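So you can see what is in the structure, the chains are spelled out below.
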Amino acid sequence: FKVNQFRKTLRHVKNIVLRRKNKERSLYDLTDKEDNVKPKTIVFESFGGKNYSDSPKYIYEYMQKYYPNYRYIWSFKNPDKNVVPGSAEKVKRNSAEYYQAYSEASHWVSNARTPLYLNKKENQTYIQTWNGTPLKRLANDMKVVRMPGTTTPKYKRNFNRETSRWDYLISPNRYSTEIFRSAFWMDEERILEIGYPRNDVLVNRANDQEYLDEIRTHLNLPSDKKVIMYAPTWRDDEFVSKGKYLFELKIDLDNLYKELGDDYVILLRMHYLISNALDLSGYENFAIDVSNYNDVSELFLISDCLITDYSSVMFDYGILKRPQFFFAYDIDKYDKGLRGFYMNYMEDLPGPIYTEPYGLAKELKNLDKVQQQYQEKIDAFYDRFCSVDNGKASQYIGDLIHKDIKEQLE
Amino acid sequence: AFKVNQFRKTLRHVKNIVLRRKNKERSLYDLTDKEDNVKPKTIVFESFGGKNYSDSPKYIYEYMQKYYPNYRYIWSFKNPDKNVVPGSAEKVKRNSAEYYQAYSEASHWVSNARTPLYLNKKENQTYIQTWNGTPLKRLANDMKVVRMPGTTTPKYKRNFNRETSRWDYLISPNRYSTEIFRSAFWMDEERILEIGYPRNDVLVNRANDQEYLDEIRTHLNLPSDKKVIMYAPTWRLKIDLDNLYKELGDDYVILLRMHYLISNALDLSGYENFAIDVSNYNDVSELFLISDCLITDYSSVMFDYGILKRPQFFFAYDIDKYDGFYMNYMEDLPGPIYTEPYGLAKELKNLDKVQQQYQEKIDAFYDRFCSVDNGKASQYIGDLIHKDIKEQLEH
Amino acid sequence: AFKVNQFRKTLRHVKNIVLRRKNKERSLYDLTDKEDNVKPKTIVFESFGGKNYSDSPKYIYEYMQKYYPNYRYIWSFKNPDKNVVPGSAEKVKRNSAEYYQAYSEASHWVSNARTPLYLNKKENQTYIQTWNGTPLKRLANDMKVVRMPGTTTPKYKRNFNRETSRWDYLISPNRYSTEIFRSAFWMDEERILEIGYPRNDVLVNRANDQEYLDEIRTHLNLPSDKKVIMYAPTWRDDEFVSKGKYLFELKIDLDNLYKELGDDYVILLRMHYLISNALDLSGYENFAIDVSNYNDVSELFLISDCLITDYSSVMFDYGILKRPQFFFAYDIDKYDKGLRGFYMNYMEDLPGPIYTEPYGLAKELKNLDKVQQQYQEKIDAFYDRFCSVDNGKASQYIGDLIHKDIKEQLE
Amino acid sequence: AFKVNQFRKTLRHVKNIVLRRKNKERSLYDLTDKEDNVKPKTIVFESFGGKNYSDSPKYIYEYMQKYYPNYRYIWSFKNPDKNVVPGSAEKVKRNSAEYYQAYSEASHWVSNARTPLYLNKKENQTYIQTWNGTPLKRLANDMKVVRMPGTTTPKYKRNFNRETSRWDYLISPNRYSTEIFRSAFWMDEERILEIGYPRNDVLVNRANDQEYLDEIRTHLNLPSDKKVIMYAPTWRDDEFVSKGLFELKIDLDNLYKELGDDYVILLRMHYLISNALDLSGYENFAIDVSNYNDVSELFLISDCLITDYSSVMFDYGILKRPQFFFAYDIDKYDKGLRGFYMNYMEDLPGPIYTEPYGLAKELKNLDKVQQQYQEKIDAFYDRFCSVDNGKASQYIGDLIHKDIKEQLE
Ligand SMILES: Nc1ccn([C@@H]2O[C@H](COP(=O)(O)OP(=O)(O)OC[C@@H](O)CO)[C@@H](O)[C@H]2O)c(=O)n1
Ligand SMILES: O=C(O)CN(CCN(CC(=O)O)CC(=O)O)CC(=O)O
Ligand SMILES: O=C(O)CN(CCN(CC(=O)O)CC(=O)O)CC(=O)O
Ligand SMILES: [Cl-]
Ligand SMILES: [Cl-]
Ligand SMILES: [Cl-]
Ligand SMILES: [Cl-]
Ligand SMILES: [Cl-]
Ligand SMILES: [Cl-]
Ligand SMILES: [Cl-]
Ligand SMILES: [Cl-]
Ligand SMILES: [Cl-]
Ligand SMILES: [Cl-]
Ligand SMILES: [Cl-]
Ligand SMILES: [Cl-]
Ligand SMILES: [Cl-]
Ligand SMILES: [Cl-]
Ligand SMILES: [Cl-]
Ligand SMILES: [Cl-]
Ligand SMILES: [Cl-]
Ligand SMILES: [Cl-]
Ligand SMILES: [Cl-]
Ligand SMILES: [Cl-]
Ligand SMILES: [Cl-]
Ligand SMILES: [Cl-]
């Protein structure tokens with residue numbers, strides 16, 4: 001009668017008798033053991049189960065094609081609101097079947113921290129794609145984290161606890177690799193430098209004019225107009241009035257309409273909270289709201305340029321060697337020249353920094369003149385961050401997972 | 001304000017859990033079980049501590065299934081997989097989490113035996129007891145000594161009383177019985193229901209419905225050219241089969257029915273088509289319908305069966321070693337009392353002389369014990385419940 | 001880290017503490033009890049489940065007091081206040097922490113009656129059982145049916161067997177008992193010690209101590225010029241009625257015994273405790289002396305000229321003195337008719353006559369010497385069968401065995 | 001009718017007991033702690049979380065011993081075998097089955113610090129918080145930020161609040177302190193008893209008792225005709241190096257040379273400096289007095305005190321003697337600061353010295369200082385010490401007495 005089973009035992013009795021929602025958890029913690037692991041089961045969860053998206057979707061769509069043999073499971077917050085191509089079955093987070101899947105699977109494929117109350121036995125391979133080349137410093141490399149209810153010492157403790165269980169961690173480049181090694185308490189031995197499976201499309205399908213054409217019309221865009229994508233990161237600073245009416249984006253849509261409304265159409269990819277607060281009346285067929293569009297890689301494929309500021313997306317869009325524009329209107333805030341960035345923002349990035357929208361809007365007319373002026377910085381930016389990606393990432397992982405559960409079949 | 005009972009049920013449950021006892025199911029139920037778990041539209045049935053789909057609960061249930069089909073029905077069995085139940089009723093294995101939930105939720109318990117004391121009969125649940133026959137041998141309270149297995153005469157009665165107090169309604173077959181029940185079971189006449197037994201329903205409504213009698217007989221594989229004798233001894237070879245075969249094999253076939261277990265020792269080889277073992281058959285009342293006479297000794301089947309005003313024979317081989325019954329046994333019963341089988345056989349050879357010779361003693365018996373059965377009984381319980389579950393489904 | 005049995009105890013003790021149960025002293029005793037607790041020179045005495053300071057324990061201990069004041073002696077009592085103990089021994093109340101400390105710590109347990117199954121007799125301690133006398137009524141296993149509510153015949157026997165399997169040593173007063181014991185108690189002859197009862201010691205060593213007889217005699221305020229009869233019926237339930245407030249005078253007819261024996265006898269009445277404090281001996285003063293309370297019955301014998309009893313284990317102890325006995329069995333023609341509930345043959349091999357009526361007992365009881373003579377026949381042969389094995393050294397044999405035990409347990 | 005809370009405690013306790021956890025005594029307490037266990041005649045005392053027999057709980061106790069011997073007194077300690085209590089009182093060890101009994105039964109809790117939140121203060125018991133001094137540094141609610149590990153500033157404050165809500169009465173030294181407690185401790189002013197510290201009664205009743213002074217002086221083997229300087233600096237975490245020193249910044253060696261003849265100096269250091277302090281060759285000059293069981297006595301026999309950022313200044317103030325504030329490290333402390341409730345730069349009873357040589361040459365003439373600052377010294381007394389009338393010990397014990405009378409009916 002072991003002291004660890006006894007604690008998990010009493011915990012569960014309390015959950016069962018008190019009608020706690022976690023009884024599902026407490027049960028799972030008890031019965032869990034190596035023997036439940038069917039080597040041909042794979043669970044996928046993307047961004048903590050909000051979506052069917054990103055790199056697990058592609059590590060998935062690849063395996064569905066070349067390895068339909070296996071049991072595929074997807075984990076979701078709300079499974080009845082998620083469309084999944086293929087054989088895979090879906091599970092609601094924190095339910096019976098959720099802990100089942102996770103107990104039984106021989107491979108965890110995920111792109112974000114998966115919870116700690118889930119048991120990753122010495123027996124299951126947990127593959128971590130993570131979600132992008134870092135620009136803001138993260139995990140260990142942070143300095144202070146006043147995130148409510150926890151302390152910097154403790155939030156790093158738990159994060160280290162998670163990374164410790166990552167059997168594999170994907171990396172898009174030598175710069176991310178060097179960062180993860182420190183930021184994530186990672187051994188170089190465990191890192192795969194293969195590029196992002198979500199980015200696979202950015203190499204393989206970028207000139208597939210039919211695919212480009214579906215996406216365009218799925219979005220209902222003018223057939224004659226080029227496409228700008230604007231994806232500003234979030235700012236607590238700018239949240240006012242409970243979120244009922246915001247000051248028209250500091251980019252000035254009215255102007256953008258005036259100046260580009262004839263050649264261009266602009267895609268707004270905002271944080272989900274600015275999205276259902278942004279009224280786009282009389283911008284119809286000019287500014288298209290694109291914030292909830294499931295797959296971002298597709299939005300890049302049909303974009304002639306990206307306007308962002310401080311985001312890990314510029315590193316993705318980089319693969320297409322198109323012109324970027326960094327509209328850092330609030331840059332004066334951010335530390336006056338911050339080491340809070342792994343890279344030199346001021347110097348090496350593929351486009352101009354604008355602090356005001358009007359200089360930007362004029363330059364945004366003649367894109368071809370922008371591609372010239374910057375072919376220099378753009379190429380150099382491609383060399384450094386985007387050179388690893390060859391569109392074989394989904395293949396590499398799916399094959400790994402295959403190479404893995406063939407040995408295990410003995 | 002320390003809740004002293006709850007604390008005991010907890011420790012118990014915490015101990016059943018750690019030592020991995022089978023009763024973990026039970027200590028949970030006992031801890032968790034609140035009056036709020038009760039679903040008005042949920043009714044449980046157990047028959048004979050859950051060996052059968054049989055008897056008064058079957059019939060009460062088969063009735064309710066047709067006229068009140070919307071209620072949720074649960075049956076309790078020792079082994080559900082070996083029992084087949086008609087209709088929307090779901091089965092539950094005993095001592096299983098499903099068993100306890102069932103009994104905790106149920107608004108009505110229907111049984112014909114004692115339900116266990118570890119089960120809690122709340123103030124808002126209605127426990128209907130049908131019991132299981134008209135008593136001959138003394139029972140419950142009225143018993144003198146009962147050196148049962150690992151129990152004392154009082155600790156055994158102390159417990160019966162704890163059981164009979166839980167009974168909200170107790171079904172009675174005949175005045176004779178109600179008088180006995182009131183003492184035997186500590187009961188108050190209010191809670192008693194002199195309405196006959198639901199199980200006997202068919203013994204009035206279907207005694208002449210012939211196609212039915214013909215489905216029973218061919219469901220058993222019986223010779224079309226033979227009268228049927230049913231031997232239902234009672235409790236723990238004697239009748240001389242070899243002799244009954246040489247005496248009766250040309251007019252009769254004989255059904256042998258036990259109460260317990262001896263059955264798989266009756267190697268009836270060479271008595272095929274004559275001695276039919278009918279021990280494991282479900283509905284006894286059916287057997288009576290196709291039975292031309294019945295041989296018994298001290299069973300209470302003798303009162304149920306008497307309802308058909310057929311002949312009975314009481315083969316009391318062990319009467320000498322029995323000195324105490326609620327009625328005068330030597331004197332007034334519907335048939336001859338034989339202590340050897342050899343004169344039983346000869347007098348069983350002509351059934352009609354026995355009928356006339358006893359048609360007076362038969363009627364006297366019918367008019368005492370069977371003058372109460374309508375066949376409406378089954379109905380009357382079904383209704384009672386339905387009624388009892390509109391009240392508890394309103395204000 | 002946790003074994004299954006200690007868990008059960010742990011949880012019991014939790015229930016006792018939170019719920020404020022008096023048994024808490026026990027649940028604790030049960031957790032904390034271990035072989036390392038034993039003090040080789042601590043010995044515990046209890047007699048008749050702790051009601052008394054009496055019988056074979058008293059004597060085995062009085063011997064050890066004189067010849068071994070070195071050891072720790074603890075006596076057990078229901079009420080240690082109401083009992084007087086001569087010497088070094090300390091008193092402990094049943095069910096107090098002391099009680100359990102004592103029984104946990106003791107290297108030896110001396111007793112003359114079943115000690116509770118809840119106490120743990122470790123592989124470590126020696127439990128000497130003296131028992132309380134030669135059987136006439138069949139006991140323990142040899143019983144047929146035993147309907148004392150709370151327990152069934154096989155449960156009762158199981159519980160008995162458990163307790164005797166714990167007995168390391170079982171004193172025997174004679175081979176008659178040894179025969180019986182072996183069966184009734186599930187005994188292995190190895191463990192039986194035919195040495196005679198320690199309480200009976202003084203029935204040998206001191207049958208003549210005329211300053212001793214005189215000390216007892218004047219303790220009871222007994223007349224100077226009168227012989228002593230002692231009546232000592234067993235308990236019979238037939239007679240309990242009316243709250244036990246007022247009983248029906250003794251069947252033996254006192255008013256008669258007075259008329260007949262008064263001028264020459266004083267009769268000691270040793271009744272049950274319930275008949276005593278419910279018996280009006282007014283006007284019988286100096287003839288009938290109530291004696292049911294007296295602590296030491298062996299002393300009562302030493303000073304008795306005859307002994308009227310009926311079916312009691314006492315005839316055997318008394319037999320040691322080769323004195324006349326009478327067996328006033330006024331209700332014998334109820335007991336079985338022909339009784340197999342007794343081991344010995346009653347109608348035959350007892351040392352005096354059987355009377356069913358008091359009246360001829362009283363007469364015949366007039367000339368003692370004519371009975372001592374007429375019956376010397378049976379009286380001697382009775383002695384040879386039951387009393388031949390006592391030598392007055394029983395206390396000393398048990399004293400020395402214990403000592404010899406806690407000299408070995410001293411290494 | 002399921003009692004959910006009781007169930008939780010029952011599980012917790014079973015967990016502890018089976019797991020052989022040292023806290024079994026705690027979880028049993030909590031399981032059974034009923035409002036009935038309280039016995040009106042019982043009073044528990046504890047000072048500074050049971051490290052001492054000292055401070056105001058002491059003086060409240062010693063009073064109630066002279067006038068109310070009737071009651072049951074219990075003292076809580078960490079290590080009772082190492083503490084000595086005059087009188088009837090019984091001693092319990094902390095977290096020991098007796099400890100929890102004591103608080104279970106007691107009708108009154110007397111303490112000068114925080115009592116554990118595991119202990120249940122029933123609405124049946126009166127909890128008297130004497131606290132431990134006029135605050136100079138901002139505390140509890142008024143604190144800006146507390147990076148003290150395991151716990152964040154919100155959760156640290158949240159717990160301090162949980163505690164102060166169980167304070168039935170809270171003692172206050174002065175109007176300044178009362179305004180502060182009302183906020184810093186989330187207090188209802190109705191619950192503040194402005195009577196001064198019982199620990200400071202002796203500073204009023206016994207400053208003139210020459211036989212008392214002598215006992216204290218001969219208890220500390222003090223030379224005879226030497227004046228007495230007392231040094232009591234708060235705890236600097238910065239000044240700790242090499243497993244624990246650079247000779248105290250005050251320079252004893254200079255202090256010896258300038259004062260050796262006429263003064264003896266009492267060092268009241270923090271326990272960790274104290275057993276790191278080598279005094280080889282300052283005997284009969286520098287007396288380590290760090291573990292002296294009663295600080296207010298030390299005040300009585302001191303002709304002046306050198307402190308810095310300590311609450312002690314407020315207490316030594318009742319005596320109107322000179323004070324010096326050797327605040328050498330005042331640089332590091334905010335430059336021009338607001339970390340303190342009062343203006344540390346303006347309205348204290350003495351000179352601020354950042355070097356200990358101005359201090360030395362000034363300590364030479366004690367008459368001169370007294371004259372010089374008599375004004376500042378009086379404006380200090382008027383503000384912070386005008387309450388202490390030295391009947392504080394009495395006022396509290398008489399409330400406790402009054403309090404347990406009303407119970408007995
Ligand atoms: N050989 C038998 C005897 C009886 N029964 C069935 O079991 C019932 C009980 O009959 P008893 O022989 O009297 O059994 P008992 O448990 O002794 O009940 C007697 C007492 O309950 C009277 O109410 C009968 O009505 C009948 O339905 C049966 O299947 N086979
Ligand atoms: O083991 C138990 O369940 C008893 N304990 C355990 C508490 N629960 C809380 C939880 O579910 O997170 C289990 C535990 O943490 O050990 C109750 C208590 O200490 O509060
Ligand atoms: O064995 C036990 O732990 C004690 N209980 C049995 C366990 N259950 C049953 C009960 O409630 O009677 C309760 C308990 O664990 O305390 C009965 C007893 O006191 O020996
Ligand atoms: Cl372990
Ligand atoms: Cl598999
Ligand atoms: Cl979630
Ligand atoms: Cl859903
Ligand atoms: Cl893990
Ligand atoms: Cl990232
Ligand atoms: Cl966290
Ligand atoms: Cl690099
Ligand atoms: Cl806008
Ligand atoms: Cl319902
Ligand atoms: Cl089954
Ligand atoms: Cl117990
Ligand atoms: Cl010893
Ligand atoms: Cl006592
Ligand atoms: Cl034992
Ligand atoms: Cl013999
Ligand atoms: Cl509980
Ligand atoms: Cl009191
Ligand atoms: Cl200590
Ligand atoms: Cl002390
Ligand atoms: Cl303070
Ligand atoms: Cl120094």
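About the thresholds
For every chain, the first residue of the written sequence is numbered 1, i.e. counting runs from 1 onward, and this need not coincide with the entry's numbering; residues without coordinates are not included. Here chains are named by letter from A upward and ligands by number from 1 upward, in the order in which they appear as written. Computation of side-chain values: all heavy atoms of the structure, hydrogens and water removed. Proximity is defined per residue: if any heavy atom of the residue lies within 4 Å of a molecule or strand, that residue is considered near it. Pairs of N or O atoms within 3.5 Å make up the polar contacts considered here, provided that, within protein, one atom can donate a hydrogen while the other can accept it, and that residues adjacent in sequence are counted only when both atoms are side-chain atoms. Here, Shrake-Rupley sampling with a 1.4 Å probe gives the accessible areas, and only protein chains in the shown set may cover a residue. Under this grouping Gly is polar, as are all residues other than the nonpolar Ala, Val, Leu, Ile, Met, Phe, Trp, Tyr, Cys and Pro and the charged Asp, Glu, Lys and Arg. Only runs of H or I of at least four residues qualify as helices and only runs of E of at least two qualify as strands under DSSP, and these elements are numbered from the N terminus. Think of it in three bands: residues with accessible area under 20% of the maximum for their type are buried, residues over 50% are exposed, and the middle band is partly exposed, with areas taken using a 1.4 Å probe on protein chains only. The arc in question is the one traced by the directions running from the helix axis out to the C-beta atoms. Here, two residues are considered to be in contact whenever any of their heavy atoms come within 4.5 Å of each other. Note on pairing: DSSP must find at least two bridges between two strands before they are called paired. Joining two parts hides part of their accessible area as seen by a 1.4 Å probe, and the buried area is that hidden amount summed over both. Salt bridges are counted wherever a side-chain nitrogen of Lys or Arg sits within 4 Å of a carboxyl oxygen of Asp or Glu. The criterion for an aromatic pair is that two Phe, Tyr or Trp rings (for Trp, the six-membered ring) have centres within 6.5 Å, with stacked assigned to planes under 30 degrees apart, edge-to-face to planes over 60 apart and tilted to the rest. Each ring is checked for a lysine NZ or an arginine CZ that lies within 6 Å of its centre and within 35 degrees of its normal; such an atom marks a charge sitting over the ring. Bear in mind that the domain bounds are from an automatic or database domain assignment. By nonpolar core is meant a set of buried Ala, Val, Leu, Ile, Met, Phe, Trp, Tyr and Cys residues that side-chain atoms within 4.5 Å join together.

Per the PDB record, the structure was determined using X-ray crystallography to 3.100 Å resolution.

*Asks:* In this structure, what is going on with the site of ligand 1? I would like to understand it.
*Replies:* Residue and element names in this part refer to chain B. Around ligand 1, a shell composed of 18 residues is seen, among which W131, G133, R257, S299 and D304 lie nearest. The separation between a nitrogen atom of ligand 1 and a polar main-chain atom of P233 is 3.2 Å. Its free accessible area being 640 Å², ligand 1 has 89% of it covered by the protein chains. Class assignment of the residues belonging to the shell around ligand 1 gives a composition of eight nonpolar, seven polar and three charged.

*Asks:* Explain the environment of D35(A) to me, please; I cannot follow it from the model alone.
*Replies:* With respect to the element layout, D35(A) can be found in the loop between α2 (23-31) and β1 (38-45). Residues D35(A) and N123(A), 88 residues apart in the sequence, show an inter-C-alpha distance of 9.4 Å.

*Asks:* When you look at helix α9 (residues 241-248) of chain B in this model, what are you seeing that I'm missing?
*Replies:* Each turn of an α-helix holds 3.6 residues, which means side chains three or four residues apart point in the same direction. Residue and element names in this part refer to chain B. Regarding α9, the residues found buried are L241, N243, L244, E247 and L248. Burial along α9 is one-sided: seen end-on, the buried residues are contained in an arc of 160°. Elements in contact with the buried residues of α9: β8 (227-232), β9 (252-256), β10 (275-277) and α12 (342-347).

*Asks:* Please explain the pairing of strand β8 (residues 227-231) of chain D as it appears in this structure.
*Replies:* All names here are of chain D. Most of β8 sits out of view: four of its five residues are buried. One ladder, built from five bridges, connects β8 with strand β9 (residues 263-267); its direction is parallel. Bridge pairing links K227 to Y263 in β9. By the bridge criterion, three bridges tie β8 to strand β11 (residues 304-307) in an arrangement that is parallel. Each residue of the ladder has a partner; that of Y231, found in β11, is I306.

*Asks:* Is there a simple way to explain the interface of chain C and chain D in this structure?
*Replies:* Interfaces are often described in size by the accessible area the parts lose on coming together. Residue-level contacts link 10 residues of chain C with nine residues of chain D. The largest share of the area that chain C buries against chain D comes from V14(C), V18(C) and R20(C), three residues that together contribute 45% of it. Run the count over chain C and chain D and you get zero salt bridges. Where chain C touches chain D, the interface holds zero residue pairs in polar contact.

*Asks:* Whenever I open this one, the site of ligand 3 confuses me. Can you help?
*Replies:* Inspection of the region around ligand 3 gives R12(B), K15(B), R8(C), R12(C) and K15(C) as its neighbouring residues. In this structure ligand 3 sits where residues from chains B and C come together. Within the contact set of ligand 3, an oxygen atom lies 2.7 Å away from a side-chain nitrogen or oxygen of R12(B). Bound to the protein, ligand 3 loses 71% of the 430 Å² it would expose on its own.

*Asks:* I keep staring at the packing of aromatic side chains and nothing clicks. Help me out?
*Replies:* Under the counting rule described, the total for this entry stands at 161 aromatic pairs over all chains. Here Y63(B) and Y68(B) contribute two aromatic rings whose centre-to-centre distance is 6.4 Å and whose plane-to-plane angle is 50°, an arrangement assigned as tilted. Owing to a relative accessible area of 16%, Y68(B) belongs among the buried residues under this scheme. Aromatic side chains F2(C) and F7(C) sit 5.6 Å apart centroid to centroid with 40° between the ring planes, which places their arrangement in the tilted category. Taking relative accessible area as the criterion, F7(C) reaches 3% and is therefore assigned buried. In this structure an aromatic cluster arises from ring pairing among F44(A), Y52(A), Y60(A), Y62(A), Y66(A), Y67(A), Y70(A), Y72(A), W74(A) and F76(A). The ring of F160(D) is capped by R114(D), whose NZ or CZ atom sits 4.2 Å from the centre of that ring. A cation over a ring is seen here: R206(D) above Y212(D), with NZ or CZ 3.8 Å from the ring centre.

*Asks:* Can you help me understand the domain arrangement of chain C in this one?
*Replies:* Residue and element names in this part refer to chain C. Once the domains are mapped, chain C shows domain 1 (3-207 + 391-411) and domain 2 (208-390). In this structure, domain 1 and domain 2 have C-alpha centres spaced 30 Å apart. Between domain 1 and domain 2, the residue contacts involve 31 residues of the former and 27 residues of the latter. Taken together, the two surfaces of domain 1 and domain 2 that pack against each other cover about 2,700 Å², and 53% of this comes from carbon and sulfur. On the domain 1 side of the interface with domain 2, the three residues burying the most area are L136, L203 and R206, jointly 30% of the side's total. Where domain 1 touches domain 2, the interface holds three salt bridges. Residues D209 and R206 are paired through a salt bridge, measuring 2.6 Å at the closest nitrogen-oxygen approach. Secondary-structure elements contributing two or more residues to the side of domain 1 that touches domain 2 are α3 (55-67), α6 (175-184) and α7 (202-205). Grouping the amino acids of the side of domain 1 that touches domain 2 by side-chain chemistry returns 15 nonpolar, nine polar and seven charged.

*Asks:* Would you mind showing me how to read helix α2 (residues 24-32) of chain D here?
*Replies:* Of the residues making up α2(D), those classed as buried are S27(D), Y29(D), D30(D) and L31(D). Where α2(D) is buried, its residues meet α1 (4-18) of chain B, α1 (4-18) of chain C together with α1 (4-19) and α4 (97-105) of chain D.

*Asks:* Even after reading the chapter, I still don't get the nonpolar core, so can you show me in this structure?
*Replies:* Buried together is how nonpolar side chains tend to be arranged in soluble globular proteins. Residue and element names in this part refer to chain A. Residues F184, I266, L267 and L268 are the most contacted members of the largest nonpolar core, which totals 123 residues. By residue number, the principal contributor to this core is helix α14 (residues 367-385), which donates seven residues. When residues of this core are assigned to domains, at least three fall in each of domain 1 (2-206 + 390-410) and domain 2 (207-389). The residues contacting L267, other than those within four sequence positions of it, are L219, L221, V227, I228, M229, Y230, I288, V290, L299 and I302.

*Asks:* I'm lost on the interface of chain B and chain C in this one. Help?
*Replies:* Listed per partner, the contact involves 13 residues of chain B and 13 residues of chain C. Taken over both partners, the interface formed by chain B and chain C buries close to 990 Å², and the fraction arising from carbon and sulfur atoms is 87%. Summed over the shared surface of chain B and chain C, the number is zero residue pairs in polar contact. Taken together, the residues that form the side of chain B that touches chain C break down as seven nonpolar, three polar and three charged.

*Asks:* Sorry, what's going on with the side chain of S378(B) here?
*Replies:* Residue position: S378(B) is located in helix α15 (residues 377-391). Classification of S378(B) as buried rests on a relative accessible area of 2%.

*Asks:* Sorry if this is basic, but what is going on with the environment of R236(C) here?
*Replies:* All names here are of chain C. Of note, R236 is situated in the loop between β8 (227-231) and α9 (254-261). By relative accessible area, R236 is classed as buried at 6%. Taking the C-alpha atoms as reference points, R236 and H272, 36 residues apart in sequence, are found 9.3 Å from one another. Apart from residues lying up to four places away in sequence, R236 is in contact with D310, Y311, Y330, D331 and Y335. Separated by 2.6 Å, the side chains of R236 and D310 make a polar contact. Side-chain polar atoms of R236 contact the side chain of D331, separated by 3.3 Å.

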